[PDB]
């Protein structure tokens, strides 16, 4: 199938019509998405098949065809861009200054932007175009608004 680097939609024909359940990044022959989008199931790309290679429910990440390749990190100071890919709408870059998720195991960058459920897996980029994490796993704060972590995997 198609293995060109870039952002892709994750679709399903199981429900009514064709439904977008999430998004992912193709880089160096490996497809990267969030675990809650596919639940680790196999993916199709035209006539080709993509099998899961690594995944972890707690990190909420999965890679297909090879190991996790994305290793860029937020610098803790600069604005970043969410390359949002919403269901049935064109890819759009939204610029923001991330906040912080403070945990017992350290600090994580966070993006205060709300998009439909099927937008999970959209890449968050630095000014160099490098993917510093994926959008789609976070929390609903006091005023009912959504805040996502900037979720990044480990490159072995």
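Residue numbers count along the first chain shown, from 1.
Looking at mean Cα B-factors across 34 to 42 and 97 to 105, the upper value is held by 97 to 105. Remark: stretch with higher mean C-alpha B factor among 140 to 148 and 18 to 26 is 140 to 148. Of the candidates 55, 66, 123, 48, the deposited coordinates give 48 the top C-alpha B factor. Sort the modelled residues of the chain by CA B factor and residue 70 lands in the lowest third. Residue 128 sits in the highest third of its chain by CA B factor, as recorded in the PDB entry. Among the modelled residues of its chain, residue 89 has a C-alpha B-factor that falls in the middle third according to the deposited record.
When the CA B factors of the chain's modelled residues are split into thirds, the value for residue 112 lands in the highest one.
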